[PDB]
Structure formats: C-alpha cells, structure tokens
Amino acid sequence: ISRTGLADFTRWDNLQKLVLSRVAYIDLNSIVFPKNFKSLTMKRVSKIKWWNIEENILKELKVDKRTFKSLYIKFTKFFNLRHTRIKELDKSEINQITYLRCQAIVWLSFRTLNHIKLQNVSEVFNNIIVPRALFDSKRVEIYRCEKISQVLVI
Amino acid sequence: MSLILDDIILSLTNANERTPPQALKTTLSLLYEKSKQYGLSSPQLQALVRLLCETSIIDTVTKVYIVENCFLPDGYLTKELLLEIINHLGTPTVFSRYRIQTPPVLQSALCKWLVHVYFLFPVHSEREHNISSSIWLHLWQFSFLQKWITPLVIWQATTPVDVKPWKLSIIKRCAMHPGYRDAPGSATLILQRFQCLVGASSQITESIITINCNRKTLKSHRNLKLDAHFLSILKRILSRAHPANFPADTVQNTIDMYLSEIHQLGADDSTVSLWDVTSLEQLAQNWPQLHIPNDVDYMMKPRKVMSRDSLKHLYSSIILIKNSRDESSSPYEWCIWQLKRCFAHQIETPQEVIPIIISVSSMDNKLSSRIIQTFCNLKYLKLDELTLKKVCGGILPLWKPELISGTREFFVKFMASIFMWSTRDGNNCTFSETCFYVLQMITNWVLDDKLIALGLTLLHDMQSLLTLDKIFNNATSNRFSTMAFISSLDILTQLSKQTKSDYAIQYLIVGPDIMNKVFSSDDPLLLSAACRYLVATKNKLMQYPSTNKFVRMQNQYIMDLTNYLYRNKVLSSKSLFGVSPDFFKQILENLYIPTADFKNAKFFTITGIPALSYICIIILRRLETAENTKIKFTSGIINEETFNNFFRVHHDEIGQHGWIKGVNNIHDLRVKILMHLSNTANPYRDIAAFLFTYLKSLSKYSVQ
Amino acid sequence: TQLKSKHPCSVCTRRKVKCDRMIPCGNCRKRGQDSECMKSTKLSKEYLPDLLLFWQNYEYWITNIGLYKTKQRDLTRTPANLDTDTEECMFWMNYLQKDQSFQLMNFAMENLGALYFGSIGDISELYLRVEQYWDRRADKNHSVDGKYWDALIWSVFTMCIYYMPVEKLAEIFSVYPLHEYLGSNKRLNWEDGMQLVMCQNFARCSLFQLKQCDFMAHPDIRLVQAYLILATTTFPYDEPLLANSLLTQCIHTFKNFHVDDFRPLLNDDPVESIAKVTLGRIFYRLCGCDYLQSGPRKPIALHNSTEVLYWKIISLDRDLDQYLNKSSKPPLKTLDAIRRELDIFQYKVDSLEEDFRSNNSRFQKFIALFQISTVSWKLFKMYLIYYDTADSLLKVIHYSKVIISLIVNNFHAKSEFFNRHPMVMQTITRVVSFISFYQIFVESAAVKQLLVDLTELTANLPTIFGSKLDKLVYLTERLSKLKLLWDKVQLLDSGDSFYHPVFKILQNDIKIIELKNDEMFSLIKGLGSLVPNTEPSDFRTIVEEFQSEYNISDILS
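Residue numbers (PDB author numbering), protein chains in the order written: chain CT, 320 to 393, 400 to 479; chain II, 1 to 268, 285 to 318, 328 to 451, 454 to 731; chain CE, 6 to 48, 54 to 313, 339 to 567, 584 to 608.
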C-alpha cells in the first residue's frame with residue numbers, strides 16, 4: 320500500500336472507514352489518516368506491522384524490557406479465542422499518575438480510531454497494543470488469527 | 001473585412017441584365033473605397049479580372065478606370081491571376097470568332113497594371129517561366145499593348161538562355177514591320193536588354209542600327225512613367241496587409257531599380289562543391305545543390330564573419346543536416362581514431378587534439394554516448410592517468426543517456442575500479460577528483476524528469492565508498508574527499524527545495540549511522556553543510572506521523588547535535604552518536620590536565636570543539652579591538668576555568684570597566700560571540716542559524 | 006535601487022568625483038567605511059508583514075477581551091448577600107418621589123428615541139403602569155404579574171438617568187439626602203462619580219425585583235424586555251459575568267415560544283399577527299446582543340424598515356471579526372465583496388433626509404451614520420493588515436478622520452448625550468490602538484497628526500463611563516513607551532528572523548491576559564478536595596524593567 324513510502328488520506332476529509340483486502344505487506348506507521356477517520360477493517364492480509372508503540376511506554380516507565388516482561392499479568402469469557410492470550414499491565418506496580426501517562430501514550434497512535442478488525446492474517450512483527458476502552462467494548466476483532474501469539478491491553 | 005469586398009465583386013457578378021439607373025454605379029462607388037482599404041487580394045482579382053471581360057454591361061471607359069484605380073493588389077498575385085489576364089489578352093480570329101472579344105483599350109490598361117506591380121510577382125520555379133516568357137513575347141506582337149509589355153519583357157528575361165534567336169527574330173521583325181509605329185521604339189530597348197545578357201552579340205547591334213530612330217522618343221521610351229499616386233497607395237496597402245513584409249521603402253526602391261533598368265538600356285541533382293562555398297547567403301541558394309567532397313583532413317581541421334573558414338565548424342554540422350548522423354560517419358570515426366592514437370601516444374602529441382574533439386563531443390549526446398561507453402575501461406587507464414582525467418572533465422557532466430536506461434550498473438563497477446586502483450597505489456587523490464565530475468553529471472540526471480530515481484540510487488553508492496577509512500578520515504585524509512562530499516549534500520538540499528519532482532523520500536533521507544561520521548569529523552566547513560541539510564530536511568517530513576523511522580532519526584540528530592554544541596549535557600543524556608556517554612567519562616580521567624577545575628565542561632561546547640575552537644578566538648579578538656577595552660584576553664582557548672580566573676585576578680578592575688559591554692559572564696559570552704558570528708556573512712553563519720531555531724529560550728524573542 | 010533623495014554623500018561631498026547612489030554609498034563602498042556614512046543624514055522589511063499578522067491576535071485578546079469582558083473575583087474574600095443587607099435597595103426606592111419620576115418619563119419621549127422603541131415600543135401605556143405602581147406600593151398583597159411591571163419600569167429609569175444631561179439632573183434630584191448614606195464628600199453634587207454611583211444602584215434595584223418575583227420559576231416575555239433596556243447603557247460591561255448569565259435566560263425564555271417565521275400571517279388572528287411582528291424586532295435585538303457580547307465566557311449562542344436595516348448592518352460586521360481570533364486567511368473575493376454593498380447601503384442611510392423638529396429622528400440618523408463609518412474602517416484596515424495594498428493606506432487614514440470629526444460635531448448642538456452611547460468606545464478603542472501600534476514600526480507624517488487629535492478626543496468624552504476611560508489611556512501610554520524602547524535597542528538579524536526585546540513584551544502581554552481567563556485553576560479550587584536557562588544576555592534587564600514599570604494587570608479591575 321505504501322509503494323512510494325508514504326500513504327495519506329488527509330485530502331479525503333470526509334473519510335470514515337477504510338477497507339484493505341488481499342494486500343501482502345502493510346505497515347501502519349507509514350499510513351496517515353485524516354481527522355475524522357474512525358474505522359479500519361482488513362481482511363485476507365498477509366503481513367501487518369502494528370503501530371510502533373512499545374518503546375514509548377518503555378521510556379516513560381524507565382524499566383528494562385526484561386524486567387518489564389515481569390510487569391504484565393495474565400467479561401472476556403463472552404468472546405475469548407484460543408489462538409491468542411489476553412494480557413494486561415499491572416496496576417499495583419504502576420502509580421496512578423504514571424498509569425494515566427501510559428494510557429495517554431497509547432491514545433497518541435489511536436487519535437480518532439474507533440473500530441479495528443483483524444481477519445485472516447499471517448504474521449505481525451511486533452507486540453499488539455490496544456487501549457482498554459476499545460477492548461472492553463468488544464470492538465477489537467482478532468478473528469482467525471491462529472498465528473498471533475499475544476495481545477497486550479493497556 | 002475582405003469578405004464584404006468579395007461580396008462587392010460578387011454583387012457585380014450575381015446580377016446581370018438588370019440595367020439599373022444608379023445601383024450599378026453605387027456598387028462601383030463602393031468598390032472604389034473598398035479596393036484601396038482592403039487590398040483586393042489575388043483570389044479577388046482573378047474573379048474581378050474575369051468579370052470585366054465576361055460582362056460588357058459596363059462601359060470600357062470605366063473598365064479602364066477601375067483597372068487604373070481599384071487594381072491596387074495586396075495579395076501574392078501568382079501566375080494563376082496572370083494566366084487569367086493572359087487568357088483575356090489576345091485578339092479575335094476565325095478560330096476565336098465565337099469567343100467574345102475583350103476591348104483593346106482594356107487590354108492595354110490591363111497590360112499597364114501588372115507592369116506597376118511586377119515587383120510583387122512570385123519568385124518563379126524556373127519551369128513555367130519559359131512558357132510565360134514565350135507567351136508574353138507572343139502577346140507582345142499586339143500593337144495597342146506593345147508599348148506596355150515591352151518594359152515587362154525587359155524584366156522577366158535575365159539570362160543568356162532567355163535570349164533566344166527565335167525571340168530575336170520576332171522582336172526584330174516587328175520593328176522591321178511597317179505597320180506598328182511603335183515596335184522600332186519598343187524593339188530597341190528589348191534588343192539592348194538582350195545585348196547586356198548574352199554579351200557582345202554583334203548580330204544584335206546590326207539590327208539596332210537598322211531600326212534606330214531620332215532617339216528623342218527612345219529617350220521618352222527609355223523612361224517609364226508610373227503613376228506616383230498609384231504607387232504611394234500601393235506602398236501603404238502592402239505594409240498594412242502584411243506587417244514586416246514588403247516594406248514601403250523597398251517597394252518604392254524595387255520599382256525604381258526596375259525603372260532604372262529601362263533607363264540603363266540607352267547607356268548599355286546539380287553538383288556544386290562544398291570546397292568552393294564561401295558565402296552563407298549563397299549557401300542558402302546552394303542548399304538544394306550542396307555537395308560535400310569527401311576529404312577527411314579538412315572538414316574538422318581549419328562564424329559571424331564571412332569566409333570559407335567562417336563555415337568551418339558548420340561544415341562538420343551541415344553534413345549532419347545534409348545526411349543523418351551515423352556511427353560510420355567519417356567525422357565520427359576521425360575523432361575515435363584520433364582518440365585511439367592519443368591514448369597509445371601514436372599521435373605526435375594529444376594536447377591540441379583534445380580541445381577540438383571535446384567541443385565536438387560536448388554536443389551530439391547520442392554520439393558522446395558511444396565515445397564514453399567504449400573508453401571507460403580499466404585497461405585504458407593503465408596507459409596514462411592524465412589523459413583519462415582530461416576526458417572525464419569534458420563529456421561526463423554533459424551526458425544524459427536514454428538509449429537503454431541501464432548504464433547505472435556499469436558505472437558502479439567502473440567507479441570502484443578507480444578506487445581499487447588507488448588502494449594498492451598508496454595518496455594520489457585522483458579518486459575524489461573523478462567523483463566530483465560524476466556528481467555534476469548526477470545533478471544533470473536529477474534535473475531531468477526521467478530516471479530521477481536512477482540517479483539518486485547512483486548517488487547513494489558514492490557516499491558509502493566516500494566514507495571509508497582510507498579515503499575519509501579526521502586524522503589523515505585529503506580536502507578532496509571532504510570537498511567532494513559537501514557538494515553532494517547540496518544536491519539533496521536543492522532537491523528538497525524543488526516541489527515539481529515527486530521522488531522517493533527514503534532516497535532524500537540519509538543513512539542512520541552514516542551521519543555519525545560527518546558529525547564526529549571536526550572539519551569546520553563540513554559541519555556547516557550538515558546544519559544546512561538538517562534545517563532543510565525539517566522543512567519537509569511534517570505530514571509524517573509522530574512514530575516513524577524517518578522522523579525518529581531526524582529528531583535524534585537535532586538532540587544529539589545541540590548536546591554536542593551548546594547544551595553541554597551529554598553525560599545526562601542516554602547516548603551520543605550511538606555511543607553511551609559513560610564511554611566518554613572513562614577517557615577523561617585517563618587524560619591529564621595541569622589544573623582540572625571543570626574537566627568535563629571544557630571539552631564539549633562550541634568553544635571546546637577543535638573545529639570551532641580557534642575561530643572562536645578570532646571573533647573575540649575582533650570584538651576587543653572594536654570595543655577597545657582595558658584588558659585583552661591573553662589566553663588562547665575560551666573555557667570556564669580561564670574566564671573566571673581572568674575575572675577573579677582583575678576583580679578590582681572588573682567593577683569599573685570589566686570587559687566588552689553587554690556580557691556579564693562566560694554564559695553570556697558564548698552567545699555574544701555567536702551573535703556576531705550570526706550577524707556577519709561567513710560560511711559558519713549557517714552554524715548559528717541552525718542553533719537559533721532549536722534553542723527554545725531565544726526563540727521567544729522572535730515573532731511567532 | 007530605491008532612490009528618492011538623489012542627494013550626494015555628505016562626507017563624500019568633500020571629494021564628490023562620483024556618486025553611485027547605492028545604499029549605503031557607492032563611494033563609501035569604494036572608501037570601505039560604513040561608519041562615516043551613518044554620521045551623515047543619508048535619507054528591515056520582512057518583519058512588518060508578520061507583525062501585522064500578529065496584530066489581529068493582539069487586539070482580540072487585549073481590547074475586546076481582557077479590557078471589557080474580563081472579571082477577577084475571589085469567592086473567599088467576597089462577602090455573600092445576607093438578610094437585612096438589602097435595605098440599600100429599598101432606600102433608593104424611597105428616595106424617588108412620585109413627581110420626580112414623571113419628569114424622567116417625559117425626558118424619554120424625544121431624547122431617548124430609537125433605543126426603547128426597538129424592544130418595548132411606545133411608553134404611552136407605561137404612563138398607565140407607573141400610576142398603578144404607586145397605588146400597588148401601599149397594598150401588602152403582591153402578584154407575579156404586578157411585580158414584573160414593577161421591575162420593567164425601574165429598568166427604564168436606569169436608562170433615563172444614564173442618558174439625561176448633568177444640568178437636567180440638578181433641578182430634578184436633590185443631592186443632599188444622598189450624601190449621608192454613601193458617606194462620600196459633600197463638595198461634589200453631580201460632576202462625576204455621584205451620578206455614576208446612582209446609576210448602578212437603580213440598575214441593581216431592577217434586578218432585585220426580578221429576584222424578589224422569583225423569575226427562576228415564572229417565565230414571561232417581560233424578562234427579555236427588561237434586559238434589552240439594560241443593554242442600552244454600560245451595565246453589561248461593568249459585570250460581564252452577570253450579563254452573560256442573564257442573556258442565557260433571555261434566550262431560554264424566548265425559545266419557549268418556538269417561532270420559526272416571524273412574518274405576519276393572514277390566516278391567524280389580526281392581534282396575533284401583529285404580536286408576531288413586534289416579536290420580530292425583539293428577536294433581532296437578541297441576535298445583535300449575542301454578537302456584541304460574544305466571548306469565551308458565554309458558551310450558549312442563539313442564531339420596521341430601519342430596524343431590519345440596523346440588524347443586517349451588524350451582520351455585515353459579523354463576517355469581518357470572525358477572522359480575528361482564527362489564524363486562517365480569508366479569500367480576497369469575499370474580502371472585497373463587502374465593499375460593493377458597503378457603498379449601496381450607505382446610500383440608503385442618507386436616503387431619509389432628516390426631521391429637525393424632533394430629536395428622535397436626529398439620534399437614529401447619528402447611530403446609522405456611525406454604523407457605516409465603524410465598519411468601513413474595519414474593511415479598509417482589512418486591506419492593509421493582510422494584503423498591504425497601496426491605496427488602502429490613505430483610505431484608512433481618511434475613514435479614521437471621519438469618526439474623529441463626527442464625535443466633535445455632536446458637542447455643538449445639544450447632543451452631548453449622543454456620545455454617551457456604549458459602542459462609541461468600541462469604535463475608538465480599536466482605532467487608537469492600531470495607529471499607536473503602527474507608529475512604533477512605521478513613521479509617517481500623516482499618521483503623526485492623526486494620533487495627536489485622538490488622545491485629546493478620549494479626554495473630551497463625557498465622564499460618565501468612569502473606570503473604562505482610565506484603562507484605555509494607560510494602555511496607550513504603554514504602547515507609547517514601546518517606541519522609546521524600539522529605537523534605542525538595535526534590531527538583531529539572524530538571517531531568517533528578527534529578535535528584539537519589544538517582541539517579547541508583546542507576546543508575553545497576551546499570555547498574562549489568557550491566564551486570567553482560565554477556569555482550570557478555579558475548577559481544582561472549586562472541588563475543595565483535590566487542591567491542597585540559556586538566556587543570551589542583556590535582554591532580561593530590558594524586558595523586566597518595562598514589565599516592572601508597566602504591568603498589564605493594571606488595566607484589569
């Protein structure tokens with residue numbers, strides 16, 4: 320999709336939903352969305368690179384990644406899937422003010438997104454980070470993603 | 001405009017037999033004003049001249065008048081109109097008794113008209129002129145119009161060929177004919193005109209003396225009386241219809257010399289060699305008949330001036346115009362053969378051949394492609410390095426290949442050949460010099476819309492080779508390598524300013540860890556280019572998201588550079604140029620300083636950097652001379668330990684005069700020198716300009 | 006080249022072999038001396059357009075907001091209203107007498123026209139109400155309908171006194187009983203302060219009756235009518251917070267009627283159709299007051340021949356000021372569009388000749404004439420502030436002199452109260468601030484004579500506005516001192532932008548005002564449970596000296 324390096328839709332000021340189908344490699348970092356963009360559904364996509372959000376959390380936490388791997392701790402029974410596993414950031418170790426900063430970092434890459442859908446993917450080359458607000462509303466659809474190992478909810 | 005003039009002629013043609021009392025006169029009256037105002041172009045005249053003879057309703061008295069007055073042509077009046085007049089000209093006979101006879105006085109008036117406008121006749125194709133000249137001679141035998149075609153016949157026949165004995169017999173016999181009263185006067189000028197054409201012509205002088213007259217009438221017959229009013233309006237009409245064509249001054253002049261020719265009578285594929293061609297004006301007439309003798313010695317070995334040597338360089342060019350250029354062309358093979366000899370030194374000396382062939386090879390880019398593609402070899406460099414260097418400066422930056430668009434892969438292999446040649450040699456600095464010309468060629472590729480990405484890909488491979496240990500170094504290297512690199516950064520900086528080229532942005536963005544080499548190297552000129560490139564890059568990359576590889580490396584450059592220049596907080600940072608700051612610490616305690624008060628603060632600042640260390644002192648010494656303070660700065664390097672000790676020793680004298688006004692401590696000093704460094708015009712103004720934007724404290728004083 | 010003098014180098018006039026006319030001098034360039042050129046007369055451009063772009067943000071956050079619509083109050087220090095503390099409202103009512111009030115109503119017949127007629131209409135029926143008002147005072151029993159008429163007439167009295175001349179105040183009211191209650195000096199009768207302090211007390215009486223009638227629960231049309239009269243005086247500017255809350259209630263009650271088209275209906279009752287016509291002029295006044303009171307404080311907004344002409348004139352002014360806060364650049368085609376109507380709607384202003392026998396016609400002509408002048412100046416300043424058109428420089432000067440001589444024309448023929456209209460300050464405050472800001476960067480002879488007669492005009496205004504007069508002169512003085520600081524310090528040229536201490540003053544000026552209009556600090560305090584380098588040189592001294600000498604908090608009350 321980003322054959323020329325950058326992909327944007329700013330001139331499409333009224334765009335709300337974008338559908339990507341039968342694309343081999345898609346990198347979300349290069350894609351630029353307009354102000355009113357709210358829904359993104361992708362089906363039968365081979366390779367997907369999520370927003371590169373993990374390190375921004377690391378800088379605020381100032382914690383080593385290996386130590387951070389000991390931080391996360393394992400309603401969802403309505404829509405649990407065996408393919409992946411749900412993990413959340415621990416609230417006891419993180420200060421309430423610090424936790425609020427962590428949530429704000431996630432929303433930086435989630436400017437106006439409201440609906441996200443994953444269908445028939447093959448691999449994702451990073452940790453998947455989704456906000457708690459979108460996950461608790463059952464608007465995160467990781468379906469037929471037998472290759473995805475884990476997803477982190479912050 | 002001219003459409004109504006067509007209708008007026010058509011008005012006299014559409015209606016016949018009406019016989020109106022005044023409507024016919026009004027249409028003729030409207031024709032009087034319309035003829036002079038709009039010129040009565042050639043298609044209109046052909047219909048008009050046919051209408052006068054076709055319709056006899058209008059009297060022959062006014063038929064002569066309109067020919068004398070209305071017939072003021074602005075058009076080309078080609079032979080088609082003249083042929084129609086020729087058809088009108090003639091006399092009825094047994095064969096043409098059924099055809100209506102045109103009035104002889106109208107024929108004489110018609111014969112009077114084209115004489116006035118003979119100068120406007122077409123430049124003939126010398127094929128129907130022989131027919132026309134014979135036709136005019138045959139028409140000349142009519143007495144009522146003999147006096148008017150006689151000046152005409154003098155004009156169109158200018159060659160010995162047109163002086164034909166059968167024409168001589170007709171002209172002479174008419175004068176010898178008794179029933180003319182004007183042929184002896186008419187024939188004498190025609191015979192005299194034919195005399196000057198063929199030469200001596202003893203046969204033509206014996207005929208003239210037989211038909212000679214008292215020659216007062218011949219003097220009057222020598223003079224041709226053309227109406228001044230007719231020509232004055234004609235000059236204005238011709239200029240108006242065709243701007244910058246048929247000038248009024250020349251139209252009057254052309255008639256005058258035609259008139260003067262009559263006055264002078266009383267007093268008086286075809287092969288042309290290019291060797292004998294001298295005048296370009298003659299060459300214009302000789303262009304259909306140009307022929308080039310195939311001699312290889314001359315056509316390249318000897328302008329606004331006029332000469333055979335003026336067309337010297339044009340000879341090598343007109344042949345390419347006469348015939349299409351090819352690889353088998355003798356001039357195209359002479360240069361290669363001379364080039365082949367010069368490398369092998371079989372020629373007497375190559376120094377004089379190069380400038381001439383370079384100018385020829387500077388143009389004809391398709392030919393220059395052949396020359397460069399065959400002589401760009403490693404073996405051809407072994408014979409002599411200088412001769413390959415000379416030809417690299419002439420045809421490299423001026424070449425734009427479009428034959429196959431696959432020459433990029435050949436250059437990377439050949440460019441590395443010179444570099445590898447320079448490794449084991451041990454430097455010669457010939458690699459960097461040869462690169463600069465290629466960079467000039469690369470910008471030519473960049474300027475062209477085609478193969479924009481192809482040129483940029485070639486440029487990137489140059490930087491990797493140019494940033495090696497042996498060719499580029501901060502300890503042992505040559506200014507050639509740095510000066511070649513600083514030009515490359517300007518190409519990308521200029522490419523960022525252009526908005527008409529929609530290229531790949533990863534080509535513009537330079538490598539992540541390759542900027543550590545340019546930043547670490549303490550070449551003051553090189554650091555100036557980096558600030559220009561960083562500032563120009565930040566103009567773009569604004570629509571890109573917060574998280575992206577391109578924008579993360581750009582912000583890393585800004586933070587690292589300011590820390591290394593003015594912030595002086597590298598130790599508190601997490602890294603510098605990909606190196607952990609605590610590595611810098613370990614070196615510092617091993618280093619020895621006789622008096623180390625603030626050891627860490629001295630090395631890392633604008634004054635402490637060796638590239639900008641001494642130039643910092645030069646600016647300060649300029650300030651001290653201008654302000655003329657009490658005490659000069661005796662130390663050779665500016666740092667915290669020298670500044671406070673300088674002020675502590677003279678603390679008694681600090682209180683009254685101190686130092687240059689506007690500065691209270693070293694922190695104020697480090698900016699004050701930079702304010703001057705930013706105020707003046709110098710290569711390192713770019714250094715201060717970059718530091719202004721990303722210092723947030725001073726950005727407040729700027730508007731918005 | 007830009008040669009306008011064609012006069013030789015004064016130092017080079019000594020040996021004037023050549024004169025290249027170049028700046029600074031071709032001979033000096035040959036001589037290589039620029040300092041010697043500076044010593045002579047000898048008869054820098056990219057910062058003026060950006061500053062003009064910045065001016066629009068400045069006048070929106072200083073003159074419009076922060077000078078009139080700002081208010082700083084602390085709840086802890088402010089004493090709440092208590093019982094037996096409203097006797098001052100009752101005292102002023104007892105001061106007014108039956109005969110005194112009738113003269114006040116007689117003055118509003120011919121001198122206050124075109125202001126009350128817009129909302130309440132004629133006051134002939136009010137003459138019946140005031141007679142009933144005195145009779146109702148004796149009776150203890152009261153009704154909601156009776157109290158609304160009680161509050162409406164008191165609103166009229168506040169408008170009458172604010173506009174009647176000082177000389178007519180002396181014979182109607184006795185100042186002696188008012189000295190012992192206020193506690194002020196007895197030496198001043200009606201010159202200043204005493205007349206002003208009387209206006210607020212009567213205005214507070216009208217609001218007290220509405221609180222006494224409990225208008226919170228009983229809605230009626232008279233609530234809107236009472237407020238519109240208070241909008242004719244300077245009451246809303248004194249208490250911006252009170253007026254904004256009252257305006258919302260006026261909109262809330264007005265929207266309850268739910269009228270989409272206000273045109274008369276033939277199928278409806280003739281009285282109902284007439285009642286809808288007079289409701290149209292009330293809606294237009296409400297729409298006008300919404301735009302005049304627009305600001306960050308109020309978040310709720312609501313969208339005969341002379342009245343409609345007056346309303347749509349403000350609609351013309353609405354498009355110009357909508358770009359003041361925003362940073363967008365309006366298109367030229369719509370920017371020059373307004374002029375093609377500005378000339379035709381100024382032709383219909385003077386279409387009505389005049390009527391000299393009555394002051395009602397004269398006042399409405401003066402108001403209508405002032406409308407075109409104050410919007411033409413904005414439109415022509417609109418040319419310069421973004422496009423720098425050459426012809427607009429003279430027109431801006433010419434139109435500014437029109438309002439200069441218009442106010443002074445009203446001091447000669449019994450129209451001293453013509454200049455007491457609240458929006459005459461709104462026009463002059465914007466014109467004196469722009470020229471003062473223009474003179475510190477561009478010096479011209481024409482604008483110099485334009486400043487001298489403006490500062491005297493402010494002092495010539497009637498002394499009924501009070502504190503607002505003292506705030507504008509202080510602001511002008513601060514702008515006047517800036518040019519003293521602009522020329523003294525040399526301008527720095529980095530190569531792409533300029534750096535001057537005065538620029539920091541202007542930018543820091545806006546920030547302080549915006550801090551005052553911040554409710555985040557009040558929100559944390561209102562909860563009651565969640566509340567407990585590389586400066587170059589020699590520029591902090593300059594900026595802090597001016598900040599200490601002149602503080603923008605001074606113009607804030």
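Every residue, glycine too, gets a C-beta built ideally from N, C-alpha and C.
Out of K567(II), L615(II), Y584(II), which has the shortest C-alpha to C-alpha gap to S602(II)?
Walking along the second sequence from the start, residue 602(II) turns up at place 575. The shortest Cα separation from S602(II) among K567(II), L615(II), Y584(II) belongs to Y584(II).
If we cut at 8 Å on Cβ distances, does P539(II) have a partner in chain CT?
Position 512 of the second sequence, counting from 1, holds the residue named residue 539(II). No - not a single Cβ of chain CT is within 8 Å of the one on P539(II).
Please report the residue range of the alpha helix (DSSP H) in which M176(II) lies.
Translated into positions along the second sequence, residue 176(II) becomes position 176. Where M176(II) is concerned, the enclosing alpha helix (DSSP H) stretches over 165-176.
Which chain II residues sit within Cβ distance under 7 Å of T323(CT)?
As a first step, residue 323(CT) is located in the first sequence; it is residue number 4 there, counting from the start. What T323(CT) touches in chain II: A531.
State the Cα-Cα distance for the pair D423(CE) and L429(CE), rounded to the nearest angstrom.
Numbered from its first residue, the third sequence carries residue 423(CE) at position 388. Numbered from its first residue, the third sequence carries residue 429(CE) at position 394. Roughly 12 Å between the two C-alpha positions.
Taking CB distances under 8 Å as the criterion, tell me whether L725(II) reaches chain CE.
Within the second sequence, residue 725(II) is the residue found at index 698, counting from 1. For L725(II), the answer is yes, since a Cβ of chain CE falls inside 8 Å of its Cβ.
By Cβ distance, which residues of its chain are closer than 7 Å to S523(II), with the 5 residues on each side in sequence left out?
On the second sequence, residue 523(II) is found 496 positions in, with the first residue counted as 1. Contacts found: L535, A563, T564, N566, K567.
Which term fits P380(II), buried or exposed, when burial requires 16 or more other beta carbons within 10 angstroms of its beta carbon?
Against the second sequence, residue 380(II) aligns to sequence position 355. Exposed is the call here.
Give the C-beta separation of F212(CE) and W164(CE) to the nearest angstrom, bearing in mind that I take them to be a contact with Cβ-Cβ under 8 Å.
For the purposes of this step, residue 212(CE) is taken as the residue at position 202 of the third sequence. For the purposes of this step, residue 164(CE) is taken as the residue at position 154 of the third sequence. Contact flag correct, Cβ pair sits at about 7 Å.
Residue range of the alpha helix (DSSP H) that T158(II) falls in?
Within the second sequence, numbered from 1, the residue matching residue 158(II) stands at position 158. Per DSSP, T158(II) belongs to no alpha helix (DSSP H) and is neither H nor E.
Run down chain II in chain order and give the residues with a C-beta less than 7 Å from the C-beta of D327(CT).
Within the first sequence, numbered from 1, the residue matching residue 327(CT) stands at position 8. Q570, listed in chain order.
Roughly how many whole angstroms lie between the Cα atoms of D155(CE) and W346(CE)?
Within the third sequence, residue 155(CE) is the residue found at index 145, counting from 1. Within the third sequence, residue 346(CE) is the residue found at index 311, counting from 1. When rounded, the distance between both Cα atoms is 31 Å.
Cutting at 6 Å between CB atoms, please list the residues of its own chain near residue 336(CE), excluding the five before and the five after it.
No coordinates exist for residue 336(CE); the numbering of chain CE passes from 313 to 339 with nothing in between.
Contact criterion: CB-CB distance below 8 Å. Does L433(CT) meet it with respect to chain II?
Locating residue 433(CT) in the first sequence gives position 108, counting from the first residue. Yes, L433(CT) lies at the interface with chain II (some Cβ there is under 8 Å from its Cβ).
Rounding to the nearest angstrom, what Cα-Cα distance links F101(CE) and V176(CE) in this structure?
Looking up residue 101(CE) in the third sequence gives position 91. Looking up residue 176(CE) in the third sequence gives position 166. Whole-angstrom Cα-Cα distance: 23 Å.
If distances are taken between C-alpha atoms only, which option among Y78(CE), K368(CE), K55(CE), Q142(CE) comes closest to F533(CE)?
The residue given as residue 533(CE) occupies position 498 in the third sequence. Of the listed residues, the one whose Cα sits closest to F533(CE) is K55(CE).
Please compile the residues from chain A whose C-beta is within a distance smaller than 7 Å of the C-beta of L61(CE).
Any reference to chain A falls outside this structure, whose protein chains are CT, II and CE.
Report yes or no: is there a C-beta of chain II within less than 8 Å of the C-beta of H535(CE)?
Taking the first residue of the third sequence as 1, we reach residue 535(CE) at position 500. Chain II, which has a Cβ nearer than 8 Å to the Cβ of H535(CE), makes this yes.
Express the C-alpha separation of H338(II) and residue 766(II) in angstroms, rounding to a whole number.
Because residue 766(II) is not part of the residues shown, which for chain II are 1 to 731, the question remains open.
Name the DSSP bridge partner or partners of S729(II)?
By 1-based counting over the second sequence, the position of residue 729(II) is 702. DSSP lists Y534(CE) as partners of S729(II).
With 8 Å as the threshold, decide whether the Cβ of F380(CE) is near any Cβ in chain II.
Here residue 380(CE) is taken as the residue at index 345 of the third sequence, counted from 1. No, because no Cβ of chain II sits closer than 8 Å to the Cβ of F380(CE).
Between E667(II) and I693(II), is the Cβ-Cβ spacing less than 8 Å?
Here residue 667(II) refers to the residue found at position 640 when the second sequence is read from its first residue. Here residue 693(II) refers to the residue found at position 666 when the second sequence is read from its first residue. Yes, these two residues count as a Cβ contact at 8 Å.
Check the C-beta distance from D450(II) over to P587(CE) and give it rounded, since I have them as a contact under 8 Å.
By one-based count along the second sequence, residue 450(II) stands at place 425. By one-based count along the third sequence, residue 587(CE) stands at place 536. Wrong, their Cβ atoms sit about 52 Å apart, outside the cutoff.
For the stretch 350-365 of chain CT, which residues have a beta carbon sitting closer than 7 Å to at least one beta carbon of chain II?
Hits within the stretch, in order: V351.
Pick helix, strand or coil for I320(CT), following the three-state DSSP scheme.
On the first sequence, residue 320(CT) is found 1 positions in, with the first residue counted as 1. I320(CT) falls in the coil class under three-state DSSP.
Closer than 7 Å, Cβ to any Cβ of chain CT: which residues of the stretch 572-589 of chain II, in chain order?
Flagged, chain order: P572, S573, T574, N575.
So, for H138(II): in the same chain, excluding its five sequence neighbours on each side, which residues have a beta-carbon less than 6 Å away from its beta-carbon?
For the purposes of this step, residue 138(II) is identified with residue 138 of the second sequence, where counting begins at 1. Excluding positions up to five away in sequence, the list is empty.
Can you find a CB in chain II that lies within less than 8 Å of the CB of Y57(CE)?
The count along the third sequence starts at 1 and reaches residue 57(CE) at position 47. So, interface residue.
Is the beta carbon of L377(CT) sitting closer than 8 Å to the one on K384(CT)?
Position 58 of the first sequence holds residue 377(CT). Position 65 of the first sequence holds residue 384(CT). Yes, these two residues count as a Cβ contact at 8 Å.
In terms of residue numbering, what span does the alpha helix (DSSP H) encompassing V487(CE) cover?
Within the third sequence, the letter at position 452 stands for residue 487(CE). Taken as a continuous stretch (DSSP letters only), the alpha helix (DSSP H) holding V487(CE) covers 480-494.
So, is the C-beta of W369(CT) closer than 8 Å to a C-beta in chain II?
Along the first sequence, read from residue 1 onward, the residue named residue 369(CT) stands at position 50. Answer no: the Cβ-Cβ gap between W369(CT) and chain II never drops below 8 Å.
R350(II) by DSSP, collapsed to three states: which one?
In the second sequence, counting from the first residue as 1, residue 350(II) sits at position 325. The answer is coil: DSSP assigns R350(II) none of H, G, I, E or B.
Could you check which residue in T622(II), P621(II), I644(II), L615(II) has the C-alpha nearest to that of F630(II)?
Translated into the one-based positions of the second sequence, residue 630(II) becomes position 603. Of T622(II), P621(II), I644(II), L615(II), the residue nearest in Cα terms is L615(II).
Is it buried or exposed for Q421(CT), if we count other Cβ within 10 angstroms and need 16 for buried?
As a first step, residue 421(CT) is located in the first sequence; it is residue number 96 there, counting from the start. Exposed.
Would you say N371(CT) and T574(II) are within 8 Å of each other, going by their C-beta atoms?
Position 52 of the first sequence, counted from the first residue, corresponds to residue 371(CT). Position 547 of the second sequence, counted from the first residue, corresponds to residue 574(II). Taking 8 Å as the Cβ cut-off, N371(CT) and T574(II) qualify as a contacting pair.
What do you get for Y473(CE), buried or exposed, if any count of 16 or more other CB atoms within 10 angstroms of its CB means buried?
Start at 1 with the first residue of the third sequence, and residue 473(CE) comes out as number 438. Buried, because 16 or more other Cβ atoms sit within 10 Å of the Cβ of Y473(CE).
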